[PDB]
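Participant: Here's a structure for you.
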Amino acid sequence: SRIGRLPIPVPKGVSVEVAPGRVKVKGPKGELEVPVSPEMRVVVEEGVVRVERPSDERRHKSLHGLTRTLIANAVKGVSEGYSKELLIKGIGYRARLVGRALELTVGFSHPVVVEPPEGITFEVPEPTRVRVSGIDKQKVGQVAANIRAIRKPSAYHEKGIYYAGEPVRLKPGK
Amino acid sequence: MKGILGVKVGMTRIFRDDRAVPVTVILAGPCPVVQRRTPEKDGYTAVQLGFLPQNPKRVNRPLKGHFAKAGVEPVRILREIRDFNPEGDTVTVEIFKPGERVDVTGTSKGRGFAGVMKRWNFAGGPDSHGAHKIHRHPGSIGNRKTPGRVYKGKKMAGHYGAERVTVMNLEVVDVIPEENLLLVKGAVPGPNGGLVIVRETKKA
Amino acid sequence: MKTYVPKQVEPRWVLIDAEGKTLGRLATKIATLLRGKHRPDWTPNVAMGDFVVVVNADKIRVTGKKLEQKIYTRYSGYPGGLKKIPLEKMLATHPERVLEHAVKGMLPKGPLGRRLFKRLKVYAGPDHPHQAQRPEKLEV
Amino acid sequence: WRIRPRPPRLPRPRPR
Amino acid sequence: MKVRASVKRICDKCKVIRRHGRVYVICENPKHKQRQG
RNA sequence: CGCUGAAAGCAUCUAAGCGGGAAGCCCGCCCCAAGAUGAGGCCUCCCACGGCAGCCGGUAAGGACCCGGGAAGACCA
RNA sequence: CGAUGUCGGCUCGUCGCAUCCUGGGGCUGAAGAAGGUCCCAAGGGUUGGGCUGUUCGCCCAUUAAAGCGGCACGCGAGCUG
Ligand SMILES: [Mg+2]
Ligand SMILES: [Mg+2]
Ligand SMILES: [Mg+2]
Ligand SMILES: [Mg+2]
Ligand SMILES: [Mg+2]
Ligand SMILES: [Mg+2]
Ligand SMILES: [Mg+2]
Ligand SMILES: [Mg+2]
Ligand SMILES: [Mg+2]
Ligand SMILES: [Mg+2]
Ligand SMILES: [Mg+2]
Ligand SMILES: [Mg+2]
Ligand SMILES: [Mg+2]
Ligand SMILES: [Mg+2]
Ligand SMILES: [Mg+2]
Ligand SMILES: [Mg+2]
Ligand SMILES: [Mg+2]
Ligand SMILES: [Mg+2]
Ligand SMILES: [Mg+2]
Ligand SMILES: [Mg+2]
Ligand SMILES: [Mg+2]
Ligand SMILES: [Mg+2]
Ligand SMILES: [Mg+2]
Ligand SMILES: [Mg+2]
Ligand SMILES: [Mg+2]
Ligand SMILES: [Mg+2]
Ligand SMILES: [Mg+2]
Ligand SMILES: [Mg+2]
Ligand SMILES: [Mg+2]
Ligand SMILES: [Mg+2]
Ligand SMILES: [Mg+2]
Ligand SMILES: [Mg+2]
Ligand SMILES: [Mg+2]
Ligand SMILES: [Mg+2]
Ligand SMILES: [Mg+2]
Ligand SMILES: [Mg+2]
Ligand SMILES: [Mg+2]
Ligand SMILES: [Mg+2]
Ligand SMILES: [Mg+2]
Ligand SMILES: [Mg+2]
Ligand SMILES: [Mg+2]
Ligand SMILES: [Mg+2]
Ligand SMILES: [Mg+2]
Ligand SMILES: [Mg+2]
Ligand SMILES: [Mg+2]
Ligand SMILES: [Mg+2]
Ligand SMILES: [Mg+2]
Ligand SMILES: [Mg+2]
Ligand SMILES: [Mg+2]
Ligand SMILES: [Mg+2]
Ligand SMILES: [Mg+2]
Ligand SMILES: [Mg+2]
Ligand SMILES: [Mg+2]
Ligand SMILES: [Mg+2]
Ligand SMILES: [Mg+2]
Ligand SMILES: [Mg+2]
Ligand SMILES: [Mg+2]
Ligand SMILES: [Mg+2]
Ligand SMILES: [Mg+2]
Ligand SMILES: [Mg+2]
Ligand SMILES: [Mg+2]
Ligand SMILES: [Mg+2]
Ligand SMILES: [Mg+2]
Ligand SMILES: [Mg+2]
Ligand SMILES: [Mg+2]
Ligand SMILES: [Mg+2]
Ligand SMILES: [Mg+2]
Ligand SMILES: [Mg+2]
Ligand SMILES: [Mg+2]
Ligand SMILES: [Mg+2]
Ligand SMILES: [Mg+2]
Ligand SMILES: [Mg+2]
Ligand SMILES: [Mg+2]
Ligand SMILES: [Mg+2]
Ligand SMILES: [Mg+2]
Ligand SMILES: [Mg+2]
Ligand SMILES: [Mg+2]
Ligand SMILES: [Mg+2]
Ligand SMILES: [Mg+2]
Ligand SMILES: [Zn+2]
């Protein structure tokens, strides 16, 4: 019933050195940095990284779980990476890859091209499944939200761009 | 952002593709670079220009020494184009070619002490139905005790014109390099023989 | 006996590194210094204080959400000419005016008052041009 | 807009 | 979004939160969505 | 409307942080403007004149008066 | 009360926003179009007539829309009467 105390499994070889207000995390698939509150303490154990809180008042209790799960996600990013899949639904609808960019054909009049930032790399298996890959969890999560937003899952029909595992809830029409 | 000094000469219309295009003609070229404004010494970027040769008699001493340091003979007008640094040291009409698009700045025709109907497109008073000596008069100018005063900037009568006016996005119709003529479809501020400036347009 | 009033004295130049100090609390000591009340011979009716040179007025600091919520204002005299620009925007464009405005409202109103304002010289950035007077650095 | 019509308090000025 | 001075839970899935100094009621049922004002 | 996310093992747009988002706000356009007494900047011109931080003169570069005028204008400019 | 000229009109506007339109949104018993309703927003716009002194109101023909109010029911050392 608490996340600030659950220590962080650090696989090998992940490099989690600590700085005042920073925690650097070098991994096999890249490096990330974590801004950590200067009131929290990050600790380096044998293959484990642990975070301690300086008190038990609300803010130090709130910062605690955060600056853990933050340093957690950075270890799982540089090592085994983060992905997110987008299914496409709608008769005319389809998406393709133009070099290192993504061109959606989602029923406007133009087609829409997304540009993957630094870190994000697109990939399209089928013409109806897009995949966003990157070591940053938050950044992967933005891009996927970004892309999906272009044609959010409609209300009445099974048309739009859907999150992996998105419930297909609709409403009657007549 | 290129400019040139010039003088408005007079209006006409020509025929281009069986359409009548009313133009005004501007004796633009040529304008010798008299001074260059550089950030190191001045702060911004611009070129001082020159127009209309002048009697070296008429040009006084401090002015003369200025002209000379640049190598220019005395000229009647100095004006600066801002954010302009041409490669040569003399500007001609050929920095514009037809199809371009210009902003033109002159001094408007001065209407002196103009009324409130001429200056502000007011509507005065009735000319019958008992209207009494107020046919060209503005109307009410304020309220009553609250605020008990007159808004700053209130539109009243006064001088109108003989002010700077810039007109935007004017089609360059044709350029006559030999006679230093610049054609521009539309209305340019000021009278014929009035000094004007022709820069590239701000619009797009 | 009558109270001593002083002949015109040589004024003192004074330096402050306004960095990381609180706006109103530094503003209040710069006012005292400009008024020259730190002086045993203080006379109310003449500029006798100091010349206060300030640097890093851009790196001044302030509590609360005042950055987004301290709104400075100007009235042009015209209909609708009340303009309201918050603190952060001020620092973005004219940051010396922040501290400058603060000292001003803590100075007196009247002639001498705004003449004392002229004896302040606030500078954004680390440096100042007043090396000629060689201002004594005060840690306030 | 004042619904109840408001009677003049002063006469139209006349020479005295 | 319903705006009112009485934000209340409507169903058992309605949730009360305070984001940006204002009381909300978020829920999966979009009618139940509320703000205070 | 979100991403990431604890307090609160779940959830939460927020408590740390990052997005998206109005004819609206700030720039940007046109015009006035250093009497901005905080009176700015640059280019050029004159320059140590005679006498008992002041005065009296003659001058310098310049300016003004006066005149011909002007799509400038009430006079002034 | 040894005077604070009083409806409506004209003229000139200026502000408020409890927004008529234009812009941005959530919810809809929102298929689309089109509406309903609440939130943000005062930048700009908000027609011409018939009747009556009329403000208001009805009506005609349009409209993106034909907003509501404050300013001594703004405005008679500005006009009307
Ligand atoms: Mg002619
Ligand atoms: Mg031709
Ligand atoms: Mg000119
Ligand atoms: Mg003129
Ligand atoms: Mg005239
Ligand atoms: Mg006219
Ligand atoms: Mg006019
Ligand atoms: Mg007219
Ligand atoms: Mg009229
Ligand atoms: Mg008329
Ligand atoms: Mg009329
Ligand atoms: Mg009469
Ligand atoms: Mg008459
Ligand atoms: Mg009259
Ligand atoms: Mg009038
Ligand atoms: Mg008043
Ligand atoms: Mg004039
Ligand atoms: Mg104009
Ligand atoms: Mg055009
Ligand atoms: Mg004193
Ligand atoms: Mg003093
Ligand atoms: Mg007082
Ligand atoms: Mg009488
Ligand atoms: Mg709502
Ligand atoms: Mg209720
Ligand atoms: Mg929920
Ligand atoms: Mg969600
Ligand atoms: Mg979680
Ligand atoms: Mg979430
Ligand atoms: Mg926050
Ligand atoms: Mg943002
Ligand atoms: Mg988004
Ligand atoms: Mg933005
Ligand atoms: Mg527009
Ligand atoms: Mg100017
Ligand atoms: Mg000056
Ligand atoms: Mg000037
Ligand atoms: Mg001032
Ligand atoms: Mg002074
Ligand atoms: Mg001075
Ligand atoms: Mg000076
Ligand atoms: Mg000067
Ligand atoms: Mg300067
Ligand atoms: Mg004259
Ligand atoms: Mg004359
Ligand atoms: Mg005269
Ligand atoms: Mg004269
Ligand atoms: Mg009375
Ligand atoms: Mg009296
Ligand atoms: Mg009387
Ligand atoms: Mg009286
Ligand atoms: Mg009435
Ligand atoms: Mg509102
Ligand atoms: Mg809309
Ligand atoms: Mg609307
Ligand atoms: Mg239907
Ligand atoms: Mg619809
Ligand atoms: Mg709606
Ligand atoms: Mg508006
Ligand atoms: Mg009508
Ligand atoms: Mg009739
Ligand atoms: Mg009528
Ligand atoms: Mg009527
Ligand atoms: Mg009626
Ligand atoms: Mg409509
Ligand atoms: Mg309609
Ligand atoms: Mg009203
Ligand atoms: Mg009104
Ligand atoms: Mg009232
Ligand atoms: Mg009254
Ligand atoms: Mg009235
Ligand atoms: Mg009046
Ligand atoms: Mg009246
Ligand atoms: Mg009268
Ligand atoms: Mg009246
Ligand atoms: Mg009156
Ligand atoms: Mg009166
Ligand atoms: Mg009568
Ligand atoms: Mg009569
Ligand atoms: Zn619910």
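Chains as they are written, first to last, in the entry's author numbering: chain 1H, 2 to 175; chain 1E, 1 to 204; chain 1N, 1 to 140; chain 1z, 1 to 16; chain 19, 1 to 37. Cβ coordinates follow ideal geometry from the N, Cα and C atoms, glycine included.
(1) Is it buried or exposed for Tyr-163 (chain 1H), if we count other Cβ within 10 angstroms and need 16 for buried?
(2) Give the DSSP-derived three-state secondary structure of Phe-67 (chain 1E) in the structure shown.
(3) Could you check if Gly-78 (chain 1H) is buried or exposed, using at least 16 other CB atoms within 10 Å of its CB as the buried criterion?
(4) Count the other CB atoms, across all protein chains shown, that sit within 10 Å of the CB of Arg-9 (chain 19); report buried if there are 16 or more and exposed otherwise.
(5) To the nearest angstrom, how far is the alpha carbon of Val-25 (chain 19) from that of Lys-89 (chain 1N)?
(6) Anything in chain 1N within Cβ reach of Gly-153 (chain 1E), meaning under 8 Å, just list it in chain order.
(7) Between which two residues does the alpha helix (DSSP H) harbouring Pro-86 (chain 1N) extend?
(8) What number of angstroms, rounded off, separates the C-alpha of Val-72 (chain 1E) from the C-alpha of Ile-81 (chain 1E)?
(9) If we count the other Cβ atoms within 10 Å of its Cβ and call it buried at 16 or more, is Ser-38 (chain 1H) buried or exposed?
(10) With distance defined between alpha-carbon atoms, name the residue in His-66 (chain 1E), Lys-202 (chain 1E) and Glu-178 (chain 1E) nearest to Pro-30 (chain 1E).
(11) Contact check, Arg-111 (chain 1E) vs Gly-193 (chain 1E) under 8 Å by CB: the rounded distance?
(12) Which class does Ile-148 (chain 1H) belong to by DSSP, given the choice of helix, strand or coil?
(13) Below 7 Å, is the gap between the Cβ of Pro-11 (chain 1z) and the nearest heavy atom of ligand 23?
(14) Are there three or more Cβ pairs, one per stretch, closer than 8 Å when the stretch 180-197 of chain 1E is compared with the stretch 29-36 of chain 1N?
(15) Tell me, which residues are paired with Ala-75 (chain 1H) by DSSP?
(16) I'd like to check one pair, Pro-86 (chain 1N) with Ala-57 (chain 1N): are the Cβ atoms closer than 8 Å?
(17) Among residues of its own chain, excluding the 5 on either side of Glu-136 (chain 1N), which ones have a beta-carbon nearer than 7 Å to its beta-carbon?
(18) With C-beta atoms as the reference, is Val-43 (chain 1H) less than 8 Å away from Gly-5 (chain 1H)?
(19) Rounded to the nearest angstrom, what separates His-32 (chain 19) and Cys-11 (chain 19) at their Cα positions?
(20) Given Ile-95 (chain 1E), which residues of its chain have a CB within under 7 Å of its CB, disregarding the five upstream and five downstream residues?
(21) Can you tell me whether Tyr-44 (chain 1E) is buried or exposed, with buried defined as 16 or more other CB within 10 angstroms of its CB?
(22) Could you check if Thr-68 (chain 1H) is buried or exposed, using at least 16 other CB atoms within 10 Å of its CB as the buried criterion?
(23) Entirely within the stretch 30-79 of chain 1E and at least 4 residues each: give me those alpha helix (DSSP H) ranges in chain order.
(24) If we ignore side chains and look at the alpha-carbon of each, how far apart do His-101 (chain 1N) and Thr-43 (chain 1N) end up?
(25) Quick check: the Cα distance between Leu-33 (chain 1N) and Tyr-151 (chain 1E), rounded to an integer number of angstroms?
(26) Return yes when at least one heavy atom of ligand 24 lies under 7 Å from the C-beta of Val-3 (chain 19), else no.
(27) What is the DSSP secondary structure of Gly-21 (chain 19), reduced to helix, strand or coil?
(28) Answer yes or no: the CB of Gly-49 (chain 1N) versus the heavy atoms of ligand 5, is any distance below 7 Å?
(29) Taking all protein chains shown into account, do 16 or more other C-beta atoms lie within 10 angstroms of the C-beta of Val-49 (chain 1H), making it buried, or fewer, making it exposed?
(30) Below 8 Å CB to CB, which residues in the same chain sit around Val-188 (chain 1E) once its five sequence neighbours on both sides are set aside?
(31) Give me the Cβ distance between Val-55 (chain 1N) and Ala-18 (chain 1N), rounded to the nearest whole Å; I'm assuming they're in contact under 8 Å.
(32) Please go through the same chain and pick out, in chain order, the residues whose beta-carbon is closer than 8 Å to the beta-carbon of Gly-113 (chain 1N), but skip the five residues on each side of it.
(33) Cβ of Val-14 (chain 1N) within 7 Å of any heavy atom in ligand 20?
(34) For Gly-174 (chain 1H), count the other beta carbons within 10 Å of its own beta carbon; 16 or more makes it buried, fewer makes it exposed. Which is it?
Facilitator: In brief:
(1) Stepping through the first sequence from its first residue, residue 163 (chain 1H) is reached at position 162. Buried is the call here.
(2) Counted from its first residue, the second sequence places residue 67 (chain 1E) at position 67. In this structure, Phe-67 (chain 1E) counts as helix in the three-state DSSP scheme.
(3) Position 77 of the first sequence holds residue 78 (chain 1H). With 16 or more Cβ atoms within 10 Å of its Cβ, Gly-78 (chain 1H) is classed as buried.
(4) In the fifth sequence, residue 9 (chain 19) corresponds to position 9, counting from 1. Its Cβ having fewer than 16 others within 10 Å, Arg-9 (chain 19) is exposed.
(5) For this step, residue 25 (chain 19) is matched to residue 25 along the fifth sequence. For this step, residue 89 (chain 1N) is matched to residue 89 along the third sequence. Rounded to whole angstroms, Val-25 (chain 19) to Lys-89 (chain 1N) spans 34 Å at the Cα level.
(6) For the purposes of this step, residue 153 (chain 1E) is taken as residue 153 along the second sequence, with counting starting at 1. Neighbours of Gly-153 (chain 1E) on chain 1N, chain order: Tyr-78 and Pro-79.
(7) As a first step, residue 86 (chain 1N) is located in the third sequence; it is residue number 86 there, counting from the start. Careful: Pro-86 (chain 1N) lies outside any alpha helix (DSSP H), inside the beta strand (DSSP E) at 82-86.
(8) Here residue 72 (chain 1E) refers to the residue found at position 72 when the second sequence is read from its first residue. Here residue 81 (chain 1E) refers to the residue found at position 81 when the second sequence is read from its first residue. Rounded to the nearest angstrom, the two C-alpha atoms are 18 Å apart.
(9) For the purposes of this step, residue 38 (chain 1H) is taken as residue 37 along the first sequence, with counting starting at 1. With 16 or more other Cβ atoms within 10 Å, it is buried.
(10) Start at 1 with the first residue of the second sequence, and residue 30 (chain 1E) comes out as number 30. With distances taken between Cα atoms, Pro-30 (chain 1E) lies closest to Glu-178 (chain 1E).
(11) Locating residue 111 (chain 1E) in the second sequence gives position 111, where the first residue counts as 1. Locating residue 193 (chain 1E) in the second sequence gives position 193, where the first residue counts as 1. Not a contact, Cβ separation roughly 18 Å.
(12) On the first sequence, position 147 is the one that residue 148 (chain 1H) refers to. Here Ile-148 (chain 1H) sits in helix by DSSP.
(13) Here residue 11 (chain 1z) refers to the residue found at position 11 of the fourth sequence. Checking the Cβ of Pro-11 (chain 1z) against ligand 23 gives no.
(14) no
(15) For the purposes of this step, residue 75 (chain 1H) is taken as residue 74 along the first sequence, with counting starting at 1. For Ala-75 (chain 1H), which the question treats as bridged, DSSP gives no partner whatsoever.
(16) For the purposes of this step, residue 57 (chain 1N) is taken as residue 57 along the third sequence, with counting starting at 1. For the purposes of this step, residue 86 (chain 1N) is taken as residue 86 along the third sequence, with counting starting at 1. Going by C-beta atoms, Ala-57 (chain 1N) is not nearer than 8 Å to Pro-86 (chain 1N).
(17) Mapped onto the third sequence, residue 136 (chain 1N) falls at position 136. If we look at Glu-136 (chain 1N) and ignore the five residues flanking it on each side, its Cβ neighbours are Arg-12, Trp-13, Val-14 and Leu-15.
(18) Here the question's residue 43 (chain 1H) lines up with position 42 in the first sequence. Here the question's residue 5 (chain 1H) lines up with position 4 in the first sequence. Not closer than 8 Å, so no.
(19) As a position in the fifth sequence, residue 32 (chain 19) is number 32, starting the count at 1. As a position in the fifth sequence, residue 11 (chain 19) is number 11, starting the count at 1. Taking the straight line from one Cα to the other gives about 8 Å.
(20) Position 95 of the second sequence, counted from the start, is the residue given in the question as residue 95 (chain 1E). Once the five neighbours on either side are set aside, the close Cβ partners of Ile-95 (chain 1E) are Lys-2 and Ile-4.
(21) On the second sequence, position 44 is the one that residue 44 (chain 1E) refers to. Classification for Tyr-44 (chain 1E): exposed.
(22) The residue given as residue 68 (chain 1H) occupies position 67 in the first sequence. That one is buried.
(23) 61-70
(24) The residue given as residue 101 (chain 1N) occupies position 101 in the third sequence. The residue given as residue 43 (chain 1N) occupies position 43 in the third sequence. In a straight line, the C-alpha of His-101 (chain 1N) is about 25 Å away from that of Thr-43 (chain 1N).
(25) For the purposes of this step, residue 33 (chain 1N) is taken as the residue at position 33 of the third sequence. For the purposes of this step, residue 151 (chain 1E) is taken as the residue at position 151 of the second sequence. For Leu-33 (chain 1N) and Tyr-151 (chain 1E), the distance between alpha carbons rounds to 42 Å.
(26) As a first step, residue 3 (chain 19) must be located in the fifth sequence, where it is residue number 3. Flag set: Cβ of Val-3 (chain 19) near ligand 24.
(27) As a first step, residue 21 (chain 19) is located in the fifth sequence; it is residue number 21 there, counting from the start. Three-state DSSP puts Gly-21 (chain 19) in coil, outside helix and strand.
(28) Here residue 49 (chain 1N) is taken as the residue at index 49 of the third sequence, counted from 1. Checking the Cβ of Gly-49 (chain 1N) against ligand 5 gives no.
(29) Position 48 of the first sequence holds residue 49 (chain 1H). So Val-49 (chain 1H) counts as exposed.
(30) Here residue 188 (chain 1E) is taken as the residue at index 188 of the second sequence, counted from 1. Excluding sequence neighbours, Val-188 (chain 1E) sits near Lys-8, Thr-24, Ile-26, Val-104, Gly-106, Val-167, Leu-170 and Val-196.
(31) The sequence position of residue 55 (chain 1N) within the third sequence is 55, counting from 1. The sequence position of residue 18 (chain 1N) within the third sequence is 18, counting from 1. Right, their Cβ atoms sit about 7 Å apart.
(32) What you label residue 113 (chain 1N) is simply residue 113 of the third sequence in a count that begins at 1. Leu-107.
(33) Stepping through the third sequence from its first residue, residue 14 (chain 1N) is reached at position 14. No, Cβ of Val-14 (chain 1N) sits at least 7 Å from all heavy atoms of ligand 20.
(34) For the purposes of this step, residue 174 (chain 1H) is identified with residue 173 of the first sequence, where counting begins at 1. It is exposed - the Cβ of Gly-174 (chain 1H) has fewer than 16 other Cβ atoms within 10 Å.
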